[PDB]
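J.: Model the following, please.
(chains A, B, C, D, E, F, G, H, I, J and K, ligands or ions: 11)
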Amino acid sequence: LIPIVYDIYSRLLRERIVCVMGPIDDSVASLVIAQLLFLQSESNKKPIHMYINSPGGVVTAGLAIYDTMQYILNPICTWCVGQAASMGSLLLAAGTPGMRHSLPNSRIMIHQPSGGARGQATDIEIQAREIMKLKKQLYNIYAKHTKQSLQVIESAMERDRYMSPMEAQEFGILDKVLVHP
Amino acid sequence: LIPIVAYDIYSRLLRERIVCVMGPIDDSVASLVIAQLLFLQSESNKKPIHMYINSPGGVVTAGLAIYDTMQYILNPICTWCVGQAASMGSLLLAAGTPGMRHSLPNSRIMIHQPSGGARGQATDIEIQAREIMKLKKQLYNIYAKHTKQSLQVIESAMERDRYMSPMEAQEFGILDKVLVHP
Amino acid sequence: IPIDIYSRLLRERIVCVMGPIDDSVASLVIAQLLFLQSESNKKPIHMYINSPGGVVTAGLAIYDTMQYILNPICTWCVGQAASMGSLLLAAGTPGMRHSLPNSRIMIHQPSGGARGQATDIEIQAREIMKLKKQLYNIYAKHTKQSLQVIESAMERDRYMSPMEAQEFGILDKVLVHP
Amino acid sequence: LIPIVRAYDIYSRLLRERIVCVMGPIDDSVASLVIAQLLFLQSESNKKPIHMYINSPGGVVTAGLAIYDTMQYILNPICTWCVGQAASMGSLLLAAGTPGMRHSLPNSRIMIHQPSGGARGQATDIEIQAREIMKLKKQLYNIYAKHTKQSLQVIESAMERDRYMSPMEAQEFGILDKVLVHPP
Amino acid sequence: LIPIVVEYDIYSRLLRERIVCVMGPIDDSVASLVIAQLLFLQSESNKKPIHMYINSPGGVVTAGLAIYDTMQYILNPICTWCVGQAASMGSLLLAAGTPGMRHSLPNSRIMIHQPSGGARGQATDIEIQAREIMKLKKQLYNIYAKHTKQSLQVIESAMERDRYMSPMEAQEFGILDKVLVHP
Amino acid sequence: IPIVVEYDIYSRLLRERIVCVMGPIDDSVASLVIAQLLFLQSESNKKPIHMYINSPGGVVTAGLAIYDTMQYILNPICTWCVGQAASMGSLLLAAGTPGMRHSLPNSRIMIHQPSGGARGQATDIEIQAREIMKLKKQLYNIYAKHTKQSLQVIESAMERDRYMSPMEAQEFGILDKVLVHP
Amino acid sequence: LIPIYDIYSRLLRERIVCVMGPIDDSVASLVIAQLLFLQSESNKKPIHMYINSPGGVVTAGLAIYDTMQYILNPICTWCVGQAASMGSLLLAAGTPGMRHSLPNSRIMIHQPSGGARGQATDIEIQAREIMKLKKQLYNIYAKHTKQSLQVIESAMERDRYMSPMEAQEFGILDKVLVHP
Amino acid sequence: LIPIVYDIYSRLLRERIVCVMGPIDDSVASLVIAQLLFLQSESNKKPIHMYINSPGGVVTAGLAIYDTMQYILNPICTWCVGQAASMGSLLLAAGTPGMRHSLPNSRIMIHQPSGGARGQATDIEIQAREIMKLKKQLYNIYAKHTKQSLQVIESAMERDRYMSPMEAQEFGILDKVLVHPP
Amino acid sequence: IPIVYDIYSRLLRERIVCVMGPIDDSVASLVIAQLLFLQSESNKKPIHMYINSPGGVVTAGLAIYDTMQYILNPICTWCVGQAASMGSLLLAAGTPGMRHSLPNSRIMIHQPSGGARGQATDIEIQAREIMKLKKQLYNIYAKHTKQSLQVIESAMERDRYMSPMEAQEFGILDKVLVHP
Amino acid sequence: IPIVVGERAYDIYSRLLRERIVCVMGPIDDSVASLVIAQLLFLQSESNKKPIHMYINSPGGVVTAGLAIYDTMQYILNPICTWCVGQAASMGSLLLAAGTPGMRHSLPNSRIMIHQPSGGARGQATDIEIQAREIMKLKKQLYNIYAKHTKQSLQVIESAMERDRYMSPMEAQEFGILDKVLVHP
Amino acid sequence: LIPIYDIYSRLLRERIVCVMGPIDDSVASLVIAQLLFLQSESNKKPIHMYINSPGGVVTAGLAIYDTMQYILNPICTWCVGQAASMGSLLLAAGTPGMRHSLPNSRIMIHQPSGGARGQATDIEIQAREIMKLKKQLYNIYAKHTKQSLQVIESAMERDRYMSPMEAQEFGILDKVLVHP
Ligand SMILES: [Cl-]
Ligand SMILES: [Cl-]
Ligand SMILES: [Cl-]
Ligand SMILES: [Cl-]
Ligand SMILES: [Cl-]
Ligand SMILES: [Cl-]
Ligand SMILES: [Cl-]
Ligand SMILES: [Cl-]
Ligand SMILES: [Cl-]
Ligand SMILES: [Cl-]
Ligand SMILES: [Cl-]
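T.: Residues are numbered from 1 along each chain as shown, chains lettered A, B, ... in the order given. Ligands and ions are numbered 1, 2, ... in the order given. Next up is the structure itself:
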């Protein structure tokens, strides 16, 4: 359940490896950000490996991890394992250019954000105003790292868009579809 | 528990051309009220119909359904507020025939903007958000039509929960007479 | 439901206000009182009260109907007439408000709830005080008491015996035998 | 909870006036009653028109199609009256009325949208159920295009998302014929 | 709420017209009511035809066989009318109608599939319950092949998974006779 | 539940001297069947009684209660199996008048030993277990009486769940005729 | 579970206080305990406070606010992800010139929400204190944001979301970081 | 409770043993992949032993463990203990050719993946295409390591296919069926 | 729970594996991990297995049985309290002559139980697999008790409770020890 | 649970186990019986001659769990001193009487209860008969064990354990369950 | 809610046993285990017992009482907050002249409560036992408070709350503290 060799996630963290597993929420985001700032505080040069196997989660939690990645001076090497869907695909695409990897049988999914709203009509319009702001804010972030136009981003993320590692490499999400070290 | 006079107490009133809108208003309550308003119209298209309101409100689409049926039928409608007429219950009180909108002394009228919910993708949130804004402006135009107020007064008053006494509701234009028969 | 005993009493112009009082109970009571007024606006109406209380707006709805109809209303407290049940007992026609010897009457300020933003809570707190002032003026009107004593008595739960409620002005006669 | 007006409830009284009420969510229970009422009204007369009052937020697609088939099958002219709202399959029943007899109230609301559903099981069972919900999608689109007199391209474009319409917009689109303010 | 006529609920009013409604899922409660109606209609007249309206997603297999047996037993010609959908045992009752008297509305759909069930207990009880379910599967396949005029090899390959059909496809398969638009 | 007028569909069949044993069999169902059988005997002790069976079984004491009343009344009883007659349902099917036990072609009959529970002290377990073995032997003698089988064949066939086709139940002695047509 | 001390304690050794998730009496007690521990180390060394909170109890937020102002150390507030409700107050409560935010973060300000139950006298008592908290928060916001009381009233009447630049113009934060 | 020697699973990890026990989800997949990288960092030449006793689980979690196995340079010795079903059988076949073992009374099961889909018809078609892609993706992986044609994999995995260790060896899933170490 | 470092780990030093409580994939994985660890420490030293299990998952018990037969170490099985269902199979799987039981213990054997749900095709596959497990368990009991299959089939058709003396006569254990 | 204190931390029950003290408190199930049996075997491995102290404060529990502890108590060569604290009911009374003769003690206000075992049975009639014979064997098995250690005849045991039989420490000594009734020094 | 060596283990090092919260078999077994450990350390050093219990199981309170009276160490009972039901019995069970209580503490005594269900034979047995427990508690209270059995019967017939001075006069205490 938690092997000791020092839990198994710290021994990799000692090798400068940050694991992003399971759904992404404020708990997972705060742990990843705390590890990114600590590894930067130890060195501003050594690269940071980030293993991603997340089906998605909260949008604010994904942007919190994204900003911390795009703020630390260290180059981040993203490694997609199993799957990187929803905000997990953004963290995979937000890696250092040329250092974004994925395994052969992985799968990447992108889609527009979903949310909720309840209250008076004035409160619904305010909350719907921010959901559409996050939608276009995510579209600008994806178009920045994938080198795609906003038209292609809006057309592809209107629905759930699953991609194979080769389909994500050509789209601009990752860079290398590894088959061996 | 509904008493028997054979009918129930509400049907004995329905024979006297009396429709009771008591309690929360949803699809079930609106469907029953509309069915009664059309059955009373079939008996006579001239005899006035009396509507008693003791409703805290409910679904906006259900309240608009009753309002449309009230304005659709050519029968005169006398509205009677008992206890309280809040949310859509206040709209049904003001939707009566001009000059036939009454209220008891210790009644209470509350008006407020509609509330709702929305969940789904960002595209679905926007579609449902405007639709609530369309219902909000649709209610504000109906209130301004029967209360003879401007849209600025309706918007400023119904931004929050606006409770009114029968005198304040008469001064605002919702009801016409504050009855007192001691 | 014995064959309907409440429907039989209504034939003799008797409206029973038993159990708690909510929007459903008030709707039935108001519908019966107006039905009895449509038959005759002169014949007296008997109201049997055995209620532990309930929603305030439901009690005010019954009260306004009681004062609107021209029929004399004889109130008969049986067992207990607490909270809004005490108001309906005192709202009867003066000289026609009765209570059984071992019954009891309770009066107290209205209670409620409020939740939301600081603006909505202020609006709801405004209205719960208007109901408190409105109830005190109605109790002071029918019990022939001043607003000072009504505020001092209804600040907490105030239970009264049929003799204490008669002296306080809630009811008129404490029946021993007919 | 229904008033009693020999005695019957208010819905059974309207049924004697040849009025069927489709009010509330439409499932198999509601559809069967509506189909049973439509069959009984036809067995009383094949010429007298049938009035259908609609106040439904929608429901099961197979339930709405069941009512639609019975509406087109029976020989009686069907006057559809939208009261309150006619959303999802309720809008299809409104547009399924006799041409020229589809009415609505001025503040009513009409919504059309593509069908939804679910699928669970093996990959083979997923593909079978998925192809079925796509056949129902194309089946609804051809029915809407038939009664709204629109092209398939317009129907496919408008029903991709939830499409809310006003009585004036639903009249322009071809769902209803006239928006009534008073009895004609 | 079921509406009331005054010639009496709407299903009781149709029962006097010799119309039995098989609506919703089919279980022992629904099957027993349909059987009680069919045997009452035969006692009233063994010559007058019985009409059966079907709008069922299916249900218990034993309940569907109970209705099918009563259908084939009574001497009355049975006109089956599919409204909405006739799936699982509902498609079997639709095919169980008198030949030439099996109809369906245009936008209906018919689904057929092999039966499903459960089994739990000791290994001896599992083998008893499994053999009985397999006997029901072969029993249904023979009934379908009898009324659809198809071969067992066709029935075995079609009902292996869920097989949805349009009224035109169901007519060609042999489940119903006529697809009706206007009478 | 349908209604006739001249009355539910089961009450209308009872006027034709038909008793329906549908669904599970518990103390409630057994009491109704026995109340109808004794009522049908009070009308006529010589006219036959028809019993339609579509039951998966239930409580054994409830099945024995119906069996006792069936054998006690003087009326001949024609048992008709529709759908399935399992557990005590097969016992009521075999308890019909000899030569008047029928079944539809696709019906299914099952027989099995009784099941139950027992909880308490060791003394209570022994008493409750002894009564279950008495019910088991009491059922086996009743089955062997009406099927004309030996106790051994009844004991070995009912050790596990024994499902039979209508032809297999006719050969075993549970029913007499497998009707493909009236 | 949490990666090994632990990880938050490591950042505390670097004088970093993390205000993550909702804010209640338990979270406020931990933050105040960490702030008092960092002040016991030194009375002038800067304390860093990273915020990623959707809000929470108002009384718990005021507990953190008073502790932030009372301690002598300069507080460096960093908005990560979001800082809504009381989270924006703690973000704006930082030392002037030391209130930062990430580029894609978001700030929300709104009047306090609560509840009241009981009799009319108890409803009126609890309704007063909520109004007092509303003016108390409005005075706290107007102080650090250097805005007028009318602006704070019109802004926090409904929910108001702001980008890091919009909150910098309003007066919540001071510096908006960007691509290094 | 896990014993203490560290825990019993950590002492085996010192002997280069990775345990894939119980159902497979994202939590189990991450721990296995993390343990496989610990053994690779210690040595790229030393073989890794992976004991499997899993009924299966999430397919994406099984593909994650599969990719790490094929990625690392270390030879992997898969040992089927108890059962290797669903993705557990794929991990058993994913071992290095010639190093896939099984105990005599183990049980191997292969079957096509299962999933769910809900939403609008457009969302159903998108998710249905993905389930069919996972189906053919697993079929090509099984065909690659079992050295079978795609025709055989489709027929064998259309339903739940249970295999004895001797049958799974002939099918190509494992290599050796051991009783005692030879 | 008790420390001496649990009490079971202290026994694991003395090459003692405890199989107590219901057996599932969790218990089976722990037992196999202990058996593999004790084999790595020594291939000749015997392994003692104390059994107090009411049974459980059949595949979990088969995983323990195969691991017992795989390792080269002799395995002494000690029945304490009860050894029922798969617990009796592990008791009989010990090294011939090293299968013991306390005097007031209790041994029970029975055919496996399971479930099946789905289409008629799926029922037949799962039913065929349950019957394979039944014959597989029957061959294992006749493998260690040296009884004929006719005796194994007739005894395990129902729940067969045995005393330690009866289980020794049947061949499940070898010694009934009152004192060492 | 508190802890005490070459520098190991000991929970309060391990500190007593180091003094060769096994605590049997609360209900007795497979989990409790497994821990007690594990502790008795550990204390025997340290020394097969030093006495083992067993404190009992149990309301009872599973019969097979109590027999598992009883057999292990009789198997190990170490003399076992049983100390009844609070109450020793159901199987707890059997463990109190299972101690070495002359070393069975009890506190003044303790309470000892004995009764026949209870159980359940569900399934077919054949399964009910099998499970009924098995609880009957356990009943006779417990009666023979009580009659052995209390030195009472089997008939006295059958008459006393038909219902719940509560005893004071003085009554349990006269009956033969314990030897010494401690008297507050 | 455990401040770290935890705070209760640190007090046990000073020979202080805490009896907090309700008293059940779990609490009684811990208190008895601590009293036995503190006796093995020293038979002469006094043992301090801090009591803040609302009461609980009677057999659990009798177990602690029998352990307080069996060890040779003088027991100093210190009532804090409340000592109700069996907590008051353990308070009066201290060494004569070493029973203390804080000024605003509260002592409550009451007859035992219990349940009963089953046949009429089982009802009489369980009721005859709860009366023996009732009379047993009455003898223990009358022994340490030096009151008569008739006074204990009348006092514990209902819930009898006492102030620290009323408990001292009744015989439950010895000294009502104000300062050490
Ligand atoms: Cl970077
Ligand atoms: Cl009008
Ligand atoms: Cl009056
Ligand atoms: Cl038509
Ligand atoms: Cl026929
Ligand atoms: Cl007879
Ligand atoms: Cl500061
Ligand atoms: Cl490899
Ligand atoms: Cl071996
Ligand atoms: Cl010994
Ligand atoms: Cl002492």
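
J.: how about the helix or strand harbouring residue A:11 as CSV, C-alpha atoms only?
T.: If you go by DSSP states H and E, residue A:11 is part of helix A:8-14. Listed in CSV are the C-alpha atoms of helix A:8-14, where the atom choice follows Å, rounded to 0.1, in the frame of the first residue of the first chain:
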residue,chain,number,x,y,z
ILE,A,8,8.1,5.1,-2.6
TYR,A,9,7.0,8.6,-3.8
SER,A,10,9.8,10.4,-1.9
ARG,A,11,12.6,8.1,-3.1
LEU,A,12,11.6,9.2,-6.6
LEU,A,13,11.2,12.8,-5.3
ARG,A,14,14.8,12.5,-4.0
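
J.: Quick check, central residue of chain A?
T.: Centroid check for chain A by Cα atoms, centre = their mean gives residue A:91 as the closest residue, at 1.9 Å.

J.: ok, now which ones touch it?
T.: If a contact means Cβ atoms under 8 Å, 6 or more residues apart in numbering or on different chains, then residue A:91 has A:20, A:50, A:52, A:54, A:62, A:65, A:66, A:69, A:78, A:84 as its contacts. The way it works is simple: take the backbone N, C-alpha and C, and place the C-beta from them, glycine included.

J.: In which helix or strand does the nearest residue in space to the first one that is not next to it in sequence reside?
T.: Same thing as residue A:20. Nearest residue to residue A:20 in three dimensions, chain neighbours excluded: residue A:52, at 5.0 Å (Cβ to Cβ, 6 or more residues apart in numbering or on different chains). Residue A:52 is part of strand A:48-54, with elements assigned from DSSP H and E.

J.: Distance from stretch A:155-169 to the middle of the chain?
T.: 14 Å (Cα atoms, centre = their mean, to the nearest Å).

J.: Sorry, wrong one. I was asking about stretch A:142-151.
T.: 15 Å.

J.: The longest strand that chain A contains vs chain G: in contact?
T.: Identified as the longest strand of chain A according to DSSP state E is strand A:76-85. No. Strand A:76-85 does not reach chain G (Cβ under 8 Å from any Cβ of the partner chain); its nearest approach is 12.4 Å.

J.: Could I get the full set of strands for chain A?
T.: A:17-21, A:48-54, A:76-85, A:100-102, A:108-110, A:114-120, A:161-163, A:176-177.

J.: which residues touch the residue in chain A positioned nearest to chain I?
T.: Chain A approaches chain I most closely through residue A:1 (10.2 Å), counting by Cβ to the nearest Cβ. Listed by Cβ under 8 Å, 6+ apart, the contact set of residue A:1 reads H:2, H:31.

J.: need the contact list for residue A:73.
T.: Residue A:73 touches A:40, A:44, A:45, G:180, counting by Cβ under 8 Å, 6+ apart.

J.: Of these, which is the most crowded?
T.: Using other Cβ atoms under 10 Å in any protein chain shown as the neighbour criterion, residue A:40 leads those with 17 neighbours.

J.: need the contact list for the nearest residue to residue A:62 once chain neighbours are set aside.
T.: Nearest residue to residue A:62, sequence neighbours excluded (Cβ to Cβ, 6+ apart): residue A:87, at 2.9 Å. For residue A:87, the contacting residues are A:24, A:54, A:56, A:57, A:58, A:59, A:61, A:62, A:63, A:65, by Cβ under 8 Å, 6+ apart.

J.: Same check on residue A:96?
T.: Counted by Cβ under 8 Å, 6+ apart, residue A:96 has contacts A:47, A:75, A:76, A:77, A:78.

J.: For chain C, see how far away whichever residue of chain A sits closest to chain G is.
T.: For chain A, the residue closest to chain G is residue A:64, as judged by Cβ to the nearest Cβ, at 2.9 Å. Taking Cβ to the nearest Cβ, to the nearest Å as the measure, residue A:64 falls 27 Å from chain C.

J.: That residue is in contact with residue A:29, isn't it?
T.: Yes. Here residue A:64 reaches residue A:29: they are 4.6 Å apart, a contact under Cβ atoms under 8 Å.

J.: show me where chain A has helices.
T.: Counting by DSSP state H, the segments of chain A that form helices are A:8-14, A:26-42, A:59-69, A:87-93, A:121-146, A:150-156, A:165-171.

J.: which non-adjacent residue is nearest the residue in chain A that chain H sits nearest to?
T.: Closest residue of chain A to chain H, Cβ to the nearest Cβ: residue A:82 (3.0 Å). Nearest non-adjacent residue to residue A:82, counting by Cβ to Cβ, 6+ apart: residue H:64, 3.0 Å away.
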